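Participant: Here you go, this is protein22.tsv (TSV, C-alpha atoms).
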```
chain	number	residue	atom	x	y	z
G	638	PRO	CA	0.41	-40.08	-21.68
G	639	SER	CA	0.08	-42.44	-24.63
G	640	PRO	CA	-3.40	-41.71	-26.07
G	641	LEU	CA	-5.97	-44.30	-25.08
G	642	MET	CA	-7.36	-44.72	-28.60
G	643	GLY	CA	-3.82	-45.46	-29.78
G	644	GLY	CA	-0.87	-43.57	-31.18
G	645	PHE	CA	1.69	-40.97	-30.14
G	646	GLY	CA	0.99	-38.46	-27.38
G	647	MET	CA	2.77	-35.14	-27.74
G	648	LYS	CA	2.79	-31.86	-25.84
G	649	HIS	CA	3.41	-30.04	-29.15
G	650	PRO	CA	1.66	-32.10	-31.83
G	651	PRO	CA	1.34	-31.04	-35.48
G	652	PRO	CA	-0.44	-27.68	-35.35
G	653	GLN	CA	-3.98	-27.04	-36.49
G	654	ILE	CA	-4.29	-25.60	-40.00
G	655	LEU	CA	-7.24	-23.23	-40.46
G	656	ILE	CA	-8.65	-21.97	-43.76
G	657	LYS	CA	-11.53	-19.72	-44.78
G	658	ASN	CA	-12.92	-17.99	-47.86
G	659	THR	CA	-12.65	-14.22	-47.48
G	660	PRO	CA	-16.16	-12.69	-47.52
G	661	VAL	CA	-17.03	-10.64	-50.60
G	662	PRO	CA	-19.97	-8.27	-50.03
G	663	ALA	CA	-22.71	-7.80	-52.59
G	664	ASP	CA	-23.66	-4.28	-53.69
G	665	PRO	CA	-24.07	-2.02	-50.64
G	666	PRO	CA	-26.72	0.71	-50.47
G	667	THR	CA	-25.93	4.20	-51.73
G	668	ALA	CA	-26.81	5.81	-48.38
G	669	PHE	CA	-24.65	5.13	-45.35
G	670	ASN	CA	-25.83	2.46	-42.92
G	671	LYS	CA	-23.85	1.61	-39.79
G	672	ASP	CA	-25.05	-2.00	-39.48
G	673	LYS	CA	-22.70	-4.76	-40.56
G	674	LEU	CA	-23.24	-6.06	-44.07
G	675	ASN	CA	-25.56	-9.04	-44.36
G	676	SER	CA	-25.58	-9.64	-48.14
G	677	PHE	CA	-22.67	-11.56	-49.65
G	678	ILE	CA	-21.71	-13.15	-52.94
G	679	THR	CA	-22.02	-16.94	-52.86
G	680	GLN	CA	-18.52	-18.39	-53.16
G	681	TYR	CA	-16.55	-21.57	-52.58
G	682	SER	CA	-12.97	-22.65	-53.21
G	683	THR	CA	-11.05	-25.71	-54.36
G	684	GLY	CA	-7.42	-26.73	-54.49
G	685	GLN	CA	-4.67	-29.25	-53.86
G	686	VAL	CA	-3.08	-30.15	-50.53
G	687	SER	CA	0.16	-32.07	-49.99
G	688	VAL	CA	1.54	-33.66	-46.82
G	689	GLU	CA	4.96	-35.32	-46.59
G	690	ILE	CA	6.01	-37.22	-43.45
G	691	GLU	CA	9.37	-38.80	-42.74
G	692	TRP	CA	9.18	-41.80	-40.38
G	693	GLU	CA	12.01	-43.58	-38.58
G	694	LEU	CA	11.94	-47.39	-38.52
G	695	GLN	CA	13.26	-49.91	-36.01
G	696	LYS	CA	14.29	-53.14	-37.73
G	697	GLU	CA	14.06	-56.69	-36.40
G	698	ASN	CA	17.15	-58.81	-35.70
G	699	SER	CA	15.35	-61.87	-34.36
G	700	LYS	CA	17.05	-65.23	-33.91
G	701	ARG	CA	13.78	-67.18	-34.18
G	702	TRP	CA	14.21	-70.30	-36.32
G	703	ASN	CA	10.65	-71.00	-37.51
G	704	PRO	CA	8.81	-68.61	-39.85
G	705	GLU	CA	6.79	-65.71	-38.45
G	706	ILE	CA	3.16	-64.73	-38.93
G	707	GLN	CA	2.70	-62.17	-41.69
G	708	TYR	CA	-0.22	-60.15	-42.97
G	709	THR	CA	-1.19	-61.51	-46.37
G	710	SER	CA	-3.90	-61.44	-49.00
G	711	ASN	CA	-5.86	-64.62	-49.68
G	712	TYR	CA	-5.56	-66.21	-53.11
G	713	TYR	CA	-9.12	-67.58	-53.22
G	714	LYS	CA	-11.22	-66.03	-55.98
G	715	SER	CA	-13.77	-63.30	-55.27
G	716	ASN	CA	-16.00	-60.83	-57.08
G	717	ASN	CA	-13.80	-57.86	-56.11
G	718	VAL	CA	-10.21	-57.23	-55.08
G	719	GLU	CA	-9.69	-56.26	-51.44
G	720	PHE	CA	-8.62	-52.62	-51.02
G	721	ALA	CA	-9.77	-51.64	-54.51
G	722	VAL	CA	-12.77	-50.10	-56.26
G	723	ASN	CA	-15.89	-51.98	-57.30
G	724	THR	CA	-17.80	-51.71	-60.59
G	725	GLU	CA	-19.43	-48.46	-59.41
G	726	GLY	CA	-16.16	-46.75	-58.49
G	727	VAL	CA	-16.39	-47.00	-54.69
G	728	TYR	CA	-13.20	-47.69	-52.75
G	729	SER	CA	-13.49	-49.75	-49.57
G	730	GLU	CA	-11.30	-51.08	-46.78
G	731	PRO	CA	-12.60	-54.60	-46.07
G	732	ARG	CA	-10.95	-55.12	-42.66
G	733	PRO	CA	-8.91	-53.34	-39.99
G	734	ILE	CA	-5.18	-54.03	-40.13
G	735	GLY	CA	-3.06	-53.72	-37.00
G	736	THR	CA	0.71	-53.68	-36.67
G	737	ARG	CA	1.60	-56.71	-34.54
G	738	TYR	CA	2.66	-59.68	-36.67
G	739	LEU	CA	6.37	-60.13	-35.93
G	740	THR	CA	7.32	-61.49	-32.51
G	741	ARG	CA	9.73	-60.58	-29.74
G	742	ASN	CA	10.73	-62.09	-26.41
G	743	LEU	CA	9.91	-60.59	-23.02
N	638	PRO	CA	21.22	-73.75	-69.76
N	639	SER	CA	19.20	-73.13	-66.61
N	640	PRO	CA	19.07	-76.54	-64.85
N	641	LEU	CA	15.77	-78.31	-65.33
N	642	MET	CA	15.36	-79.22	-61.65
N	643	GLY	CA	15.80	-75.53	-60.82
N	644	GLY	CA	18.59	-73.17	-59.91
N	645	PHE	CA	21.68	-71.57	-61.44
N	646	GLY	CA	23.56	-73.21	-64.31
N	647	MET	CA	27.27	-72.45	-64.43
N	648	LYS	CA	30.18	-73.55	-66.58
N	649	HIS	CA	32.47	-73.23	-63.53
N	650	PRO	CA	30.30	-74.06	-60.50
N	651	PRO	CA	31.63	-74.38	-56.94
N	652	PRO	CA	34.31	-77.07	-57.15
N	653	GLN	CA	34.05	-80.54	-55.68
N	654	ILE	CA	35.72	-80.97	-52.29
N	655	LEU	CA	37.19	-84.43	-51.70
N	656	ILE	CA	38.36	-85.87	-48.38
N	657	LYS	CA	39.80	-89.19	-47.23
N	658	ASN	CA	41.39	-90.77	-44.17
N	659	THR	CA	45.02	-91.65	-44.89
N	660	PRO	CA	45.49	-95.44	-44.60
N	661	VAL	CA	47.53	-96.61	-41.62
N	662	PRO	CA	48.90	-100.16	-42.05
N	663	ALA	CA	48.86	-102.69	-39.25
N	664	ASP	CA	52.05	-104.54	-38.34
N	665	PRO	CA	53.76	-105.84	-41.51
N	666	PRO	CA	55.58	-109.18	-41.61
N	667	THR	CA	59.27	-109.35	-40.74
N	668	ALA	CA	60.18	-110.94	-44.09
N	669	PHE	CA	59.80	-108.93	-47.27
N	670	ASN	CA	56.66	-109.47	-49.33
N	671	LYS	CA	56.06	-107.59	-52.57
N	672	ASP	CA	52.25	-107.70	-52.45
N	673	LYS	CA	50.41	-104.56	-51.42
N	674	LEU	CA	49.41	-104.41	-47.77
N	675	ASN	CA	45.94	-105.72	-46.98
N	676	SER	CA	45.78	-105.25	-43.18
N	677	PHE	CA	44.96	-101.79	-41.86
N	678	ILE	CA	44.08	-100.14	-38.57
N	679	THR	CA	40.37	-99.33	-38.30
N	680	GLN	CA	40.01	-95.54	-38.27
N	681	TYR	CA	37.48	-92.79	-38.80
N	682	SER	CA	37.54	-89.01	-38.49
N	683	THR	CA	35.30	-86.18	-37.31
N	684	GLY	CA	35.37	-82.42	-37.49
N	685	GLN	CA	33.68	-79.11	-38.22
N	686	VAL	CA	32.91	-77.61	-41.62
N	687	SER	CA	31.93	-74.00	-42.36
N	688	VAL	CA	30.46	-72.49	-45.52
N	689	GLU	CA	29.81	-68.76	-45.99
N	690	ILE	CA	27.96	-67.46	-49.05
N	691	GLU	CA	27.33	-63.85	-50.00
N	692	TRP	CA	24.15	-63.35	-52.07
N	693	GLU	CA	23.06	-60.28	-54.02
N	694	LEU	CA	19.41	-59.24	-53.76
N	695	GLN	CA	17.10	-57.45	-56.18
N	696	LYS	CA	14.51	-55.38	-54.32
N	697	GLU	CA	10.92	-54.67	-55.32
N	698	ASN	CA	9.69	-51.16	-56.18
N	699	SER	CA	6.12	-52.09	-57.06
N	700	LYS	CA	3.35	-49.51	-57.42
N	701	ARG	CA	0.59	-52.03	-56.62
N	702	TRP	CA	-2.02	-50.54	-54.29
N	703	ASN	CA	-3.56	-53.62	-52.66
N	704	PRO	CA	-1.54	-55.89	-50.34
N	705	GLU	CA	0.49	-58.77	-51.73
N	706	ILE	CA	0.44	-62.47	-50.94
N	707	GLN	CA	3.07	-63.44	-48.36
N	708	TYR	CA	4.30	-66.71	-46.94
N	709	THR	CA	3.11	-66.95	-43.35
N	710	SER	CA	2.70	-69.33	-40.46
N	711	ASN	CA	-0.81	-70.21	-39.30
N	712	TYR	CA	-1.86	-69.18	-35.80
N	713	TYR	CA	-4.16	-72.16	-35.18
N	714	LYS	CA	-2.97	-74.39	-32.35
N	715	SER	CA	-1.17	-77.67	-32.99
N	716	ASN	CA	0.75	-80.37	-31.16
N	717	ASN	CA	4.10	-79.23	-32.60
N	718	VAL	CA	5.60	-76.08	-34.08
N	719	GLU	CA	6.26	-76.17	-37.81
N	720	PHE	CA	9.99	-76.25	-38.66
N	721	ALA	CA	10.99	-77.35	-35.15
N	722	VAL	CA	11.79	-80.51	-33.22
N	723	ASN	CA	9.23	-82.85	-31.68
N	724	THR	CA	9.31	-84.48	-28.24
N	725	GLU	CA	11.81	-87.08	-29.49
N	726	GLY	CA	14.27	-84.54	-30.91
N	727	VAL	CA	13.54	-85.00	-34.63
N	728	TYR	CA	13.57	-81.92	-36.84
N	729	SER	CA	11.18	-81.86	-39.79
N	730	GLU	CA	10.22	-79.60	-42.68
N	731	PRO	CA	6.41	-79.87	-42.96
N	732	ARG	CA	6.01	-78.43	-46.47
N	733	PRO	CA	7.99	-77.22	-49.49
N	734	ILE	CA	8.41	-73.46	-49.71
N	735	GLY	CA	8.95	-71.79	-53.07
N	736	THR	CA	10.03	-68.24	-53.82
N	737	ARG	CA	7.15	-66.68	-55.78
N	738	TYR	CA	4.87	-64.62	-53.54
N	739	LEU	CA	5.41	-61.02	-54.65
N	740	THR	CA	4.00	-60.00	-58.02
N	741	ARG	CA	5.23	-58.20	-61.12
N	742	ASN	CA	3.71	-57.08	-64.40
N	743	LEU	CA	4.53	-58.58	-67.78
```
Could you quickly redo this structure as structure tokens?
Facilitator:
Amino acid sequence: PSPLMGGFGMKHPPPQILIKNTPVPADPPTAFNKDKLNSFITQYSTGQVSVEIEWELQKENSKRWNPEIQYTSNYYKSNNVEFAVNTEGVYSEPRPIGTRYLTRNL
Amino acid sequence: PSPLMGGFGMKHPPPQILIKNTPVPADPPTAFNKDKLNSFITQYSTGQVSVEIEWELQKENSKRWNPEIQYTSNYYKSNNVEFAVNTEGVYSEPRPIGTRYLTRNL
């Protein structure tokens, strides 16, 4: 049951976290009306969110003699730095990076 | 006093290790002669030598956001593998490799 787009398949994954601004009615009429209130004060909210994940690693103990292939940046000069902001403040990811650079036997 | 060709300069470096085959004279004459012996049995020796060095490392704790430059092998196909033997059994080192790939501030 490994997910086909990649990753870890779990029967009990991290739960969904749901959030909502509590409605605040505007001034109701001074005579009773049984219909649900339709007039509300315009509101929004802001805040900080933190997520901390501990990951377990599995180290390599290869006996390969020659050097491996490694992900690296290229020294050649360019207008911008890869994985940084440009002059207008926009961050970008210039390429997809996988995980398979070290090698193992079958 | 860092050595100019590179490395660690020490007042008491690893000591010199000196080895020699003990001379074995051939048959001496049966009348006494005071001159030093000039005829020897032709000998040589062979064996195994082992050296074990413990090195202390100083790890990086950089806060740099973008990926670093790393030494890597190139995937492009070739007749031989770099840092391996060829069809005749000869090992070769195709290039010099330094130590300065990670980065630090001044």
Participant: At most 7 Å is the cut-off: for each residue in chain G with any atom that close to an atom of chain N, write down the nearest atom pair and the distance in Å rounded to one decimal, counting all atoms listed in the file, chain first then increasing number, as a Markdown table.
Facilitator:
```
| residue | atom | partner | partner_atom | distance |
| --- | --- | --- | --- | --- |
| G:703 | CA | N:720 | CA | 5.4 |
| G:704 | CA | N:710 | CA | 6.2 |
| G:705 | CA | N:710 | CA | 5.8 |
| G:706 | CA | N:710 | CA | 4.9 |
| G:707 | CA | N:709 | CA | 5.1 |
| G:709 | CA | N:706 | CA | 4.9 |
| G:710 | CA | N:706 | CA | 4.9 |
| G:711 | CA | N:706 | CA | 6.8 |
| G:719 | CA | N:703 | CA | 6.8 |
| G:720 | CA | N:703 | CA | 5.4 |
| G:721 | CA | N:703 | CA | 6.8 |
```
Participant: Just the number, please: distance in Å from atom CA of residue 651 of chain N to atom CA of residue 691 of chain N, one decimal.
Facilitator: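 Atom CA of residue 691 of chain N lies at a distance of 13.3 Å from atom CA of residue 651 of chain N.
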Participant: Measuring atom to atom with only C-alpha atoms, identify which of G:742, G:676, G:653, G:639 is nearest to residue 697 of chain G.
Facilitator: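 Among G:742, G:676, G:653, G:639, it is G:742 that comes nearest to residue 697 of chain G.
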Participant: Would you please work out which residue, of N:722, N:684, N:655, N:740, is nearest to residue 700 of chain N when using all atoms listed in the file?
Facilitator: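 For residue 700 of chain N, the nearest of the given residues is N:740.
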Participant: In the coordinate frame of the file, compute which residues have an atom within 10 Å of (0.1, -38.3, -25.1) when using all atoms listed in the file, and state them as a list in words.
Facilitator: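 Neighbouring residues, ordered by chain and number, come to residues 638, 639, 640, 641, 643, 644, 645, 646, 647, 648, 649 and 650 of chain G.
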Participant: What is the distance between atom CA of residue 661 of chain N and atom CA of residue 679 of chain N, in Å to one decimal?
Facilitator: 8.3 Å
Participant: Write out as number ranges by chain each polymer residue whose atoms come within 12 Å of residue 682 of chain N, counting only C-alpha atoms; drop sequence neighbours fewer than 3 positions from it.
Facilitator: N: 656-660, 679, 685
Participant: Report the distance between atom CA of residue 731 of chain N and atom CA of residue 692 of chain N in Å, rounded to one decimal place.
Facilitator: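 Atom CA of residue 692 of chain N lies at a distance of 25.9 Å from atom CA of residue 731 of chain N.
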Participant: I'd like to know which of N:663, N:739, N:654, N:734 is closest to residue 698 of chain N, using all atoms listed in the file.
Facilitator: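 Of N:663, N:739, N:654, N:734, the one nearest residue 698 of chain N, counting all atoms listed in the file, is N:739.
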